[PDB]
There are 2 protein chains.
Amino acid sequence: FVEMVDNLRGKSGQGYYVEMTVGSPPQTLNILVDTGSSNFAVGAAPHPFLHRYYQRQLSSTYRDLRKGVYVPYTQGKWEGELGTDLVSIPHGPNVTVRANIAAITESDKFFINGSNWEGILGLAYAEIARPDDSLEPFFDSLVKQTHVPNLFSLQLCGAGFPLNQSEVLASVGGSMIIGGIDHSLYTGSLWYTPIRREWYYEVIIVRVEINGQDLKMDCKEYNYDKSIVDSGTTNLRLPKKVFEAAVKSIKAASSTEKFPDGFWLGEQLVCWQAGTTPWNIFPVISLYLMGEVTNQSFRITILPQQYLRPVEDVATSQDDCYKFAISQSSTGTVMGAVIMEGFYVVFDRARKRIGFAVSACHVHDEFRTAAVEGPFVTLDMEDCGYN
Amino acid sequence: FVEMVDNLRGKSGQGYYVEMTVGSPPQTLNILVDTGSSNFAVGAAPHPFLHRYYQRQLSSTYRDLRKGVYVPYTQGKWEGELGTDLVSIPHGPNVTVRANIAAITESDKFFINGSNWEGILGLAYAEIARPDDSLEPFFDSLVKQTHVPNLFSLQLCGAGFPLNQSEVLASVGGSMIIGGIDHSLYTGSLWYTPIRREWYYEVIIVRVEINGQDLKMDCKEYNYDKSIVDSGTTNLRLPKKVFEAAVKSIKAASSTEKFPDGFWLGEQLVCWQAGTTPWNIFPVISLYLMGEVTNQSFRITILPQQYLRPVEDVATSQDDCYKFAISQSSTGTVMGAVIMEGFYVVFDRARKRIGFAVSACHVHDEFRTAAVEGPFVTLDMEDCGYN
Ligand SMILES: CCCCN(C)C(=O)n1cc(C(=O)N[C@@H](Cc2cc(F)cc(F)c2)[C@H](O)CNCc2cccc(OC)c2)c2cc(C#N)ccc21
Ligand SMILES: CCCCN(C)C(=O)n1cc(C(=O)N[C@@H](Cc2cc(F)cc(F)c2)[C@H](O)CNCc2cccc(OC)c2)c2cc(C#N)ccc21
């Protein structure tokens, strides 16, 4: 799948995107890769943050569905007009599909200044598509209309340092392999967790450790009210009780240095002299996931290099600065972009499972790397799912 | 070396011993394996703790050197009479050696009741032999007089739980492979550190971590005034400054549970309800050792299953009880039996180096294992040696 390697650009703070074309003749647009939703939508009218948009009147293959659509996400939202058009992915499979497209005409806190993307590719399942589940998501259309196998995999590559507008445009941000798995993108074994239900990419977390120390919560707390894999969100997002426990434990592990409350609240940066970030004082975080074999689990392990997101200094000094990329969630557990940066993630829709392997592009140091390890004989895993 | 596999009995608290014979006809004696000294010495007169002893008058091959010897160890000591006699190792190489033997006639806090050993085999170099370096140590005699290669290796096997008197007598305590390496005794790769000077088996520690967190001391502190590998001592022993930092850090890492000071002083037991020992709250300890390649180091990682030593619960309960097997040292760093239990240790005298590999009999849990890992780029490491 060499043609699809390195087809992504962007970063965790603003999103990872793929180049797509819509319409006839092709209109090129940059599209956010979002495993956390199921609508394919593009800017279709001028916006202060868009440098280009979808022009339906210029596409001869545009079909009007005569229907409005409203999509509220947790914080941002948009409103649009539904239609269909021919769609291609220049650095994807050699195919053209007719897919539903929501032409965005109004939005609030959706588009991101300087992100270089003009649309969103919702890669999850029909159940969470708006207006309802009859609006067939793009990936479903792709599989139905082509011979592309029913799976995709994602390698999101964090740089480990801040990127300005110029750098981010010229830097490779990762890979989206549509229809397969590319072996150059990972090391070690792929470990698979079942997709609990095909709506979001929902998984079940059975155990959490901070530097090997068990948080020792009822596992239902880890999945309350769901746990999802979401490339459309920056942070590891954790339910209230889990967040508080995790933060207390991370603070205690790293207590040789003190940080303001605002840092732990995800709001303010901390800076260190160039090169002197004390990675070793911060713990690793292991999430144990339900295995495919009964009574088995595996674990994925992330470093502070994942959960501390590089940010530019307010000064823009030689210092190395970061934000705490773990937040309290109103929506259950979310494995956002900063988690996904540690791993090659395989969305095996065909076998209703998600694969994890250590990413060939994850940021680490000489002393520690991200890990995917198993098996473990685990307690009563099904019970960890919330109802 | 199949004949020598499983030729050890014992445990960390009382010593690991090998069967030997001395004199003509052969007198069978159990002998403590001690890499921390250089005198071969045996009980030679009745003692409350000895069920048998060396009877020089009954040996036709006994030679009386007409000279006294006094050996003070840190806490224990003995005096005796020097001589030579023929020595063999029934479950060792098929050879007979004429070796120096100190016939112990008086002792204080040396013999251990119930240990089942009657003598000591000092396997270190002539430099620390008493009365002086002219008294050829046993291993030197063995190599000089036979075709046995100048190398031995040790696998000390801790049970991970208490053994009673009959249990320790009927259990395999490990292997002393004289003249070679047995591949069934380890997993992974052997990593070698240089022997700094041929007296004690002296090594250089270049970095110490507690759960990945750097103790952040000048590396000379870890080797002040020396660091040795010592099977004749139970604990990991650390110079005052290193000990204080380590205990602080281990208390910090295990802080969710509080223990009396006397536990941390290695004096008192801590007990938990049967099977409930909270291994996960205790940190791993990594000792980085100087590599053979310039600017290269490797690390050995021990678990709490190594540094918490199982001791019997003498009360009516079924508790699992332990002592803290890390002590403050007046004599530099000592890698005692509890450390060695984690690893297969190769005393490669011929190449002036010590090999470490994960032991096939180390105690662990399903979440963590002991490790031997490298390489790490490390600088100015000869600077870590004390002068
Ligand atoms: C890599 C993204 C760049 C940075 N941004 C904008 C973000 O970190 N975030 C993206 C979120 C979000 O809500 N993401 C959308 C996509 C999105 C990306 C973006 F770019 C700007 C947006 F409007 C939205 C996912 O799809 C959510 N999945 C669950 C869900 C929640 C609610 C409705 C859903 O289905 C329609 C799905 C989001 C939510 C919270 C909360 N609470 C905090 C930060 C968030
Ligand atoms: C196999 C462990 C059984 C339990 N015991 C008795 C011990 O834990 N220990 C053994 C020690 C000790 O001093 N060991 C001797 C051997 C020994 C074993 C035994 F069985 C009873 C003993 F008399 C002695 C080594 O040889 C020391 N190497 C450096 C050195 C220090 C001073 C002089 C030296 O060369 C002569 C060497 C020792 C020292 C301290 C101190 N400080 C604390 C505990 C110690």
Side-chain angles (χ1 to χ4, degrees), chain A residues 10-17 32-39 41 70-76 78 107-108 110-112 115 117 120-124 127-130 156 199-201 226 228-235 237 266 309 325 327-332 334 336-338 340, chain B residues 10-17 32-39 41 70-78 107-108 110-112 115 117 120-124 128-130 156 199-201 226 228-235 237 266 309 325 327-332 334 336-338:
Chain A
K11 64 197 191 174
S12 66
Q14 296 189 322
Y16 291 88
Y17 63 86
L32 177 72
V33 175
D34 182 26
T35 66
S37 72
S38 311
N39 282 86
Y70 171 62
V71 175
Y73 307 97
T74 313
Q75 297 177 341
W78 55 258
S107 62
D108 175 59
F110 177 66
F111 298 114
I112 298 170
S115 66
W117 57 263
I120 188 158
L121 184 60
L123 285 165
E127 194 186 320
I128 58 164
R130 300 297 183 102
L156 307 184
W199 57 328
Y200 301 98
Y201 288 100
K226 62 183 166 298
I228 74 166
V229 184
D230 191 345
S231 68
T233 323
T234 303
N235 292 0
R237 309 190 68 78
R309 181 174 66 85
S327 308
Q328 182 175 308
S329 181
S330 53
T331 64
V334 189
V338 297
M340 296 185 69
Chain B
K11 60 191 174 182
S12 62
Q14 300 193 319
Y16 290 88
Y17 62 89
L32 178 72
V33 176
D34 183 23
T35 63
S37 68
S38 306
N39 282 84
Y70 168 66
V71 174
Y73 307 94
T74 314
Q75 284 169 353
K77 55 176 159 191
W78 56 259
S107 62
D108 190 70
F110 176 70
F111 299 115
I112 301 172
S115 68
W117 57 258
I120 188 162
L121 179 65
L123 289 162
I128 58 162
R130 300 293 191 107
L156 308 182
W199 55 330
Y200 306 96
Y201 292 101
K226 70 183 100 69
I228 70 167
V229 183
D230 192 343
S231 67
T233 317
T234 305
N235 289 0
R237 309 185 73 79
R309 184 169 70 81
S327 301
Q328 186 180 133
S329 180
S330 47
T331 63
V334 181
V338 299

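Start at 1 and go down the list; that is how both ligands and their atoms are numbered. By convention in this document, chain letters (A, B, ...) are assigned in the order of the sequence lines, proteins followed by strands, and residues within each chain are numbered from 1.
- Of the possible donor and acceptor atoms, none in the side chain of A/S12 sits under 3.5 Å from a partner among the backbone N and O of A/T234.
- Every heavy atom of A/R130 sits 4.0 Å or more from the atoms of ligand 1.
- For the pair A/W78 (side chain) and A/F111 (backbone), a donor-acceptor distance under 3.5 Å is absent.
- When only interatomic distances are considered, the shortest N/O to N/O separation between A/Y73 and ligand 1 does not fall below 3.5 Å.
- In this structure, the side chain of A/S38 engages the main chain of A/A124 through a donor-acceptor pair within 3.5 Å.
- In this structure, the side chain of B/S327 does not engage the main chain of B/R237 through any donor-acceptor pair within 3.5 Å.
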Kindly determine whether A/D230 and A/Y200 satisfy side-chain contact (heavy atoms from CB on, under 4.5 Å), including the steps that lead there. CA-CA 8 Å; A/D230 191 345; A/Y200 301 98; over 6 Å; no

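- The shortest heavy-atom distance from A/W199 to ligand 1 is not under 4.0 Å.
- With a 4.0 Å heavy-atom cut-off, ligand 2 is reached by the backbone of B/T74 and by its side chain too.
- Counting heavy atoms closer than 4.0 Å to ligand 1, residue A/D34 contributes side-chain atoms (C-beta onward) but none from N, CA, C or O.
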A/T74 vs A/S330, test: side-chain contact (heavy atoms from CB on, under 4.5 Å). Steps then yes/no. CA-CA 9 Å; A/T74 313; A/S330 53; 4.0 Å; yes

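- Counting only distance, with no hydrogens or angles, the side chain of A/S115 and the backbone of A/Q14 share no donor-acceptor pair below 3.5 Å.
- Contact annotation for A/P72 and ligand 1: only backbone heavy atoms (N, CA, C, O) come within less than 4.0 Å of the ligand.
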Report the C-alpha separation of B/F110 and B/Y73 in whole Å, then their side-chain angles, then the decisive distance to 0.1 Å, and conclude whether the side-chain contact (heavy atoms from CB on, under 4.5 Å) test is met. CA-CA 9 Å; B/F110 176 70; B/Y73 307 94; 3.6 Å; yes

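- Annotation: the span from A/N39 atom CG to A/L121 atom CG amounts to 10.5 Å, rounded to 0.5 Å.
- In this structure, the separation between OG1 on B/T35 and CG on B/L156 is 8.5 Å, given to the nearest 0.5 Å.
- Judged by distance alone, the side chain of B/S231 and the main-chain N or O of B/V33 form a donor-acceptor pair under 3.5 Å.
- Interatomic distance, A/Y70 OH to A/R130 CZ, rounded to the nearest 0.5 Å: 8.0 Å.
- Judged by distance alone, the side chain of A/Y201 and the main-chain N or O of A/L123 form a donor-acceptor pair under 3.5 Å.
- Proximity annotation for atom 41 (C) of ligand 2: of B/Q14, B/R237, B/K77, B/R237 comes nearest, heavy atoms only.
- Counting the atoms of ligand 1 from 1 in the order shown, those under 4.0 Å from a heavy atom of A/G13 are 3 (C), 4 (C).
- Below 3.5 Å of separation, one finds no N or O of B/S12 facing any N or O of ligand 2.
- Less than 4.0 angstrom separates some heavy atom of A/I112 from each of these atoms of ligand 1: 3 (C), 6 (C), 20 (F).
- Applying the 4.0 Å criterion to heavy atoms of A/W117 picks out, from ligand 1, the atoms 20 (F).
- Within ligand 1, the atoms closer than 4.0 Å to a non-hydrogen atom of A/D230 are 25 (C), 27 (C), 28 (N), 29 (C), numbered from 1 in the order shown.
- Each of the following atoms of ligand 1 lies closer than 4.0 Å to a heavy atom of A/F110: 21 (C), 22 (C), 23 (F).
- Contacts between A/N235 and ligand 1 below 4.0 angstrom, taking non-hydrogen atoms only, are absent altogether.
- The A/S37 neighbourhood of ligand 1 comprises atoms 26 (O), 35 (O), with distances under 4.0 Å to a heavy atom of that residue.
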For the pair A/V229 and A/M340, evaluate side-chain contact (heavy atoms from CB on, under 4.5 Å) and give the outcome as yes or no after the intermediate values. CA-CA 8 Å; A/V229 184; A/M340 296 185 69; 3.9 Å; yes

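- Only side-chain heavy atoms of A/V71 come within less than 4.0 Å of ligand 1; its backbone N, CA, C and O stay farther off.
- Taking any N or O of B/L32, backbone or side chain, none lies under 3.5 Å from an N or O belonging to ligand 2.
- Counting only distance, with no hydrogens or angles, the side chain of B/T233 and the backbone of B/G336 share no donor-acceptor pair below 3.5 Å.
- When non-hydrogen atoms are compared, ligand 2 lies under 4.0 Å from neither the backbone nor the side chain of B/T331.
- Within the 4.0 Å heavy-atom criterion, the part of B/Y200 lying near ligand 2 is the side chain and not the backbone.
- Looking at ligand 2, you'll find an N or O of B/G36 within less than 3.5 Å of one of its N or O atoms.
- A heavy-atom separation below 4.0 Å is not found between A/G336 and ligand 1.
- A heavy-atom separation below 4.0 Å is found between B/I120 and ligand 2.
- The N/O atoms of B/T234, backbone and side chain alike, include one that comes under 3.5 Å of an N/O atom in ligand 2.
- Which of A/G332, A/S38, A/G15, A/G232 comes nearest to atom 2 (C) of ligand 1 through a heavy atom is settled by distance: it is A/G232.
- Residue contacts with ligand 1 for A/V334 are absent, since no atom lies close enough (heavy atoms, distance under 4.0 Å).
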